[PDB]
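**Student:** Please find the sequence and an experimentally derived structure below.
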Amino acid sequence: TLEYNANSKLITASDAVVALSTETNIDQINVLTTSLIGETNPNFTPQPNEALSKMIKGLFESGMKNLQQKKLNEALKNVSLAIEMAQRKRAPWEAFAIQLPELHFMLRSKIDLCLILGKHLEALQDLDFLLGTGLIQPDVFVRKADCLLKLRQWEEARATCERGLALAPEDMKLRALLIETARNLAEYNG
Amino acid sequence: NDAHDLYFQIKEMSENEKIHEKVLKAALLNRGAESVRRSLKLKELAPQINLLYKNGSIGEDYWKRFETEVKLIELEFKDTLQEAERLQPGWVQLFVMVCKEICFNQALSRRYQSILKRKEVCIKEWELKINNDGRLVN
Amino acid sequence: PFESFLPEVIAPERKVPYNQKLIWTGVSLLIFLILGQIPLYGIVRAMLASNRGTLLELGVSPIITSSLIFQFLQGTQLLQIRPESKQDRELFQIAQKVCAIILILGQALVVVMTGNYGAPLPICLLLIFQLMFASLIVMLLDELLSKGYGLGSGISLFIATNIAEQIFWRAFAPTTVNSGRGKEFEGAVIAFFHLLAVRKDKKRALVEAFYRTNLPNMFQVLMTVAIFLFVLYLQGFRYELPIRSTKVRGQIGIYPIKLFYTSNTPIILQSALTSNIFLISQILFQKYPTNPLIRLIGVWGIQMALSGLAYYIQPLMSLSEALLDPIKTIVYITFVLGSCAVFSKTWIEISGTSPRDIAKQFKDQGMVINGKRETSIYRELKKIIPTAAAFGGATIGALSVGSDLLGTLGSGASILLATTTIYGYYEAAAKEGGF
Amino acid sequence: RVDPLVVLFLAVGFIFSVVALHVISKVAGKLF
Amino acid sequence: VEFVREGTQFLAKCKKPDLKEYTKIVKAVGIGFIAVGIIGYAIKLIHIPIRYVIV
Amino acid sequence: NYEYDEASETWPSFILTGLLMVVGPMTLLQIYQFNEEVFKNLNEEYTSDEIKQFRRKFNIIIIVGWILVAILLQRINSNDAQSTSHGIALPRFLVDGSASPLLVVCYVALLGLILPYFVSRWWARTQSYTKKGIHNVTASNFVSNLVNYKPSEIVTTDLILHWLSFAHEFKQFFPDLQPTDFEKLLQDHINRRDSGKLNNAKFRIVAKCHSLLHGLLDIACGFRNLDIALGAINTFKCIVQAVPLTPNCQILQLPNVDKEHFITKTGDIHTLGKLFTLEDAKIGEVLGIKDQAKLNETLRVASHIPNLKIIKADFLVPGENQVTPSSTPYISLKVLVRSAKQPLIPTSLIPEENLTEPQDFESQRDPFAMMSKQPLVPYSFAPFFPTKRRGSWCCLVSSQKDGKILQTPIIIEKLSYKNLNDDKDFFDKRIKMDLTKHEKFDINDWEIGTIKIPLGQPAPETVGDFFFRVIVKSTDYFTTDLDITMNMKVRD
């Protein structure tokens, strides 16, 4: 079953236990309803919003300013909040080819900051997400192998380094990474 | 495992409880996006299914069931578009592209939401000792 | 060309495994043999695999005749088929059936109107429907086995089955015949062991049951087994010339050139020709008793032709006639060898298997000889294919003559045909790979 | 259009009908 | 006389089957031949008393 | 009209010859009638009794024919014995006695009930199975799960066990249990836990999961998915060794260790070579077993499981010296099966003879003949797996442009483990004395196995370097697998 709120217009399943796909559909429909409530025009266009983009850009620049002041703690919070707002308060019918590149551009800076700070697992997760979502660049495999070596996973690090060298074998960092990986694995077994 | 029945359930609820009008449009968009996703999935999986069938590793009835699902998906999308036109006049040429975009957008949102649960399974698998601030303490 | 909704079995969408194919062949074969053992209701052959007085009186004659006519009209280039389309092929296949059915109609009508069953209507229509259903069943069964559910064609399979059945019956027949001296089995091993058990005179019964001038004996069984093994050994002979591809580099293989190059038809044509000319000589000598030319071309007496061309060309039965007149023996041998050789050459020339056609196929596919040039493929096939075909035909003829003189349980042509049909299945199973 | 099992079933049915007709005629001649 | 020469040349250039391969060949062919022959023999034999009793 | 035997004078001989024709050849045929395996003995020395009992639990025709022939020959020898008279050998009562309708009713029964019913049963049984060897419902469930599989969800061992719990062949064995019951039994098996009463079902489903996992791997390679295939191989390893997948698992797959001691004491040993780095007594002191007679077993097991290592890997095309566009090459691997106790031998010591390919037409027509002449792999050391299994190496290739499997996985079984024998024990790692300059060290004694994989797809029509990735994993141990990349230099 499912209940329908009156004032908030959110749909919630009043069942004791609910399946996962059904719950995801419920959340998607609730997001769509909340977006249609805010969007006034009946025939909405796939053209993205502008004030939301301005707020996102402002949050991103306020986060990047802390890099010049060299505060890597609040800058991470600011960029994470910006990414959260971009993922939350953005209508799903907005342009995909414009929502994806901004997400990538913010996520790359977040990843760089997260790696510089010392957080490695979140960095690996974001790297894997950005790689699986359709961005393959030699600037990603380097950080991936670096993180996997920082958290002591040599097999996956070697596989990723080999895949990176299989695309841009002219790199000077990937070769050093492969050498370090081979040495660490030889000490790991021998 | 679909949202097609959920739209009908919402319609039956609206026919009795006088719920808002936008929820039906939202469920319509959701079912349309799901149909688009399933159609693209079938279109990209058909060659591999045919290869497995020719290799003789899938059976005989599953191929017919798959070809039947091919046209059932089209019939469902046609019914959804007819219902969309019935719900709002002159809202077909935009509904298609709106669904086409919300499909990819919701797929990306789910893929991104999955990382918070993906982050702990690797912890459990590799026996990391992670303190606060996400650092490693061996 | 027309639109026809006829019963036809659809080919399997996927490759049928070897075990299921073997089982289907076995069960369809059992059905075909059981269909040939049942007589009709209202009633009151060796070469076309048919028997009189049973539901299989027509047998596979309509199918074989339709196939022969279609092959002939295709060879005369009157259909103008093009392999570029997948519709005219189906049109040819449905023409097969639509001519076979009307031939069955005609043959059943003529046999029921002229046969010795009787002129007197319900019985007549029922006897017609019986043969109609039998013929449609056997045609549908052959179509099923040919669609892919069987190891190969159905006609060749059933011919080989009848050959093997006759061979086994010539040796293990439990039927008895009592003619004055006593009851004696019509089988070889059966009467052999019978005399070995009941006579209680080994030195005499052994030679009595091993010669059997009147009936099949153990010597004929040993002879046919020896010729069977020799033919089996003579089947692996093949010339594999090294070949390579040029369009798609890296495909290395061999093109086998077997010894028995033809499909065993030229000996059949030779036998049919000599039988026809023998019967024609007999008929003409019967019509004209004495004539300056008829007395020279053939004379018949005690039937058997003697002192004539029909006497020269008639086959030898045993070694007595062999040692009797060496001239007739040697001329018969030379004739049966030369005729079979030229028939094999003409068959490879007509059947589109000429070295020119093979060279054209290589040029189309791009295959060339490993250690030779591409402008030498035809010149090399000319030095291989004709000699191989001629020698294979000559060897087939020699085997036939040897079987006919040694007096085996069956004609050598039947033995080689059955072994060919079985060796095709064996080679297909070995190449595809299966249990 | 026609499955192999259909071919087998129809063939066995034809054979069974023929032999049944024969045996019915035989027992009819024997009894009457 | 060139006929026999070319024939024996082709034979020398041919590929005779060895004992190990000929063994499998004769085994498979003999099994198939005996299998079809016993089927034919049994079918021809069993239907004689059946044909007598029925007809 | 025929004349049947009315005085029993001919059918005895016919029956006698028909019976001799069968008993004779049987009597004749009855009167007529490479790889070292070091674990075949030590496996039964560590197997539990509950599994031994399970594995244990789960000519006269000649004699009767001969006595029948004797009876028939005695009966015949006791007997007393112009136009033609044809006759049959069959007895007279068989057609003219009171049992005349009996024969025809038995015949019509055998023709109408026995044949069609049995044929239909056999057909429905051979149709419900797939060519791989699994039921059709199981393959349908596998495909239906793989198609609606969110790429966001990561594959683990629990997920693959959850997928396996829906196999239709598990219901046919025990129609009482549920998929959740099968999942619980599999979890108890992997975690080395007792079911109490359904151990005979747990062992059966564990033994049956083998072909199921192979079918799942085949389907995953058919859908061009690498993570699912890797998970399948890992789950197969975990099931065969009865151990949950952990980073320090190559040491937990050993027969006799204690986790509560090993995990809490040491935290740096994770492989087998790192284990062999310590001495023979320090290994026992670390593993906490302190029993020499029992330490010998684990030390002999840990030094006899195969680890791989590449010597030469490159693309080969039969009949050419380079790769051309739209050519059909294959992959040739020169691996070195070694144990975790032997040090590394340089590639330069290889005499270059065992790495070359023979240049002959009969050898280049089918390059797999030389590979198919290698001996089989010995029996695996699986004291918890119910049945007895041989080793197996699943080699699967993927692409590096996107990371998708592009062919079905090849499963090789022939390989030489001569380098694992106990004759070459002088070549130890702890000696660190340059054992290459040893009196017993002969590079011609070390055997170099080979692995050849057909590519199944031609080279691209373009000209350039195209990278690939071949993965050769074990199926029984947690050894060092092969994960290397290679690029084809299509040059025309």
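**Tutor:** That came through fine. Numbers count the residues shown, from 1 in each chain, chains lettered A, B, ... in the order given.

**Student:** moving C-terminal of the helix ranked longest in chain C, what's the next helix or strand?
**Tutor:** For chain C, the helix that runs over the most residues, judged by DSSP state H, is helix C:88-114. Remark: after helix C:88-114, the chain's next helix or strand is helix C:122-144, criterion DSSP states H and E.

**Student:** That following helix close to chain D?
**Tutor:** Yes. Helix C:122-144 is in contact with chain D by Cβ under 8 Å from any Cβ of the partner chain, via C:130, C:133, C:134, C:137, C:140, C:141, C:144. C-beta: built from backbone N, CA, C; applies to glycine.

**Student:** Quick check: phi and psi at residue F:450.
**Tutor:** phi -130, psi 150 (degrees, to the nearest 10).

**Student:** helix, strand or coil for the residue of the stretch 101-250 of chain C at minimum distance from chain E?
**Tutor:** Here the residue of the stretch 101-250 of chain C nearest chain E is residue C:165; by Cβ to the nearest Cβ that distance is 2.8 Å. Using DSSP: H, G, I helix; E, B strand; the rest coil, the structure places residue C:165 in helix.

**Student:** same thing with the one 5 residues further on?
**Tutor:** Per three-state DSSP, the secondary structure class of residue C:170 is helix.

**Student:** That one: what's it in contact with?
**Tutor:** Residue C:170 makes contact with C:187, C:188, C:216, C:409, C:410, according to Cβ atoms under 8 Å, 6 or more residues apart in numbering or on different chains.

**Student:** hmm, back to that, any residue of the longest helix of chain C touching chain D?
**Tutor:** No. For helix C:88-114, no contact with chain D is found by Cβ under 8 Å from any Cβ; the gap never falls below 12.4 Å.

**Student:** ok now that helix, how far from the chain's centre?
**Tutor:** Averaged C-alpha coordinates place helix C:88-114 at 23 Å from its chain's average position (Cα atoms, centre = their mean, to the nearest Å).

**Student:** Could you report the neighbour count for residue 48?
**Tutor:** As the question left the chain open, I've gone with chain A. With neighbours defined by other Cβ atoms under 10 Å in any protein chain shown, the count for residue A:48 comes to 16.

**Student:** hmm, I had chain F in mind actually
**Tutor:** Neighbours of residue F:48 (other Cβ under 10 Å): 10.

**Student:** start to end distance for stretch C:311-322?
**Tutor:** In stretch C:311-322, first residue to last residue: 13 Å (Cα to Cα, to the nearest Å).

**Student:** Please identify the helix or strand for whichever residue of chain F sits closest to chain A.
**Tutor:** Proximity to chain A, evaluated over chain F using Cβ to the nearest Cβ, is greatest for residue F:467 at 3.8 Å. Under the criterion of DSSP H and E, residue F:467 resides in strand F:464-474.

**Student:** cool, and residue F:488?
**Tutor:** strand F:482-490.

**Student:** strands paired with that strand, and their directions?
**Tutor:** strand F:464-474 (antiparallel) (DSSP bridges).

**Student:** And the contacts of the strand it pairs with?
**Tutor:** A:162-163, A:166-167, F:230, F:233, F:237, F:306, F:308, F:313, F:331, F:333, F:335, F:391-401, F:451, F:453, F:459-460, F:481-490.

**Student:** Report the buried residues of that strand.
**Tutor:** Neighbour-count burial for strand F:464-474, counted by 16 or more other Cβ atoms under 10 Å in any protein chain shown, picks out F:466, F:467, F:468, F:469, F:470, F:471, F:472, F:473, F:474.

**Student:** Just name the closest of the residues you listed to residue B:32, please.
**Tutor:** residue F:469 (38.9 Å; Cβ to Cβ).

**Student:** that older thread, could I have the buried ones of the contacts of residue C:170 as PyMOL selection syntax?
**Tutor:** In PyMOL, this line selects whichever of those come out buried by 16+ other Cβ under 10 Å:
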select buried, chain C and resi 187+188+216+409+410
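
**Student:** So residue A:36 versus residue A:92, what's the distance?
**Tutor:** Separation of residue A:36 from residue A:92 (Cβ to Cβ, to the nearest Å): 10 Å.

**Student:** Would you check how far apart the closest residue to residue C:95 other than its chain neighbours and chain F are?
**Tutor:** Sequence neighbours aside, residue C:70 is the residue nearest to residue C:95 in space, at 7.0 Å (criterion: Cβ to Cβ, 6 or more residues apart in numbering or on different chains). Using Cβ to the nearest Cβ, to the nearest Å, residue C:70 is found at 33 Å from chain F.

**Student:** Perfect, I'm done here.
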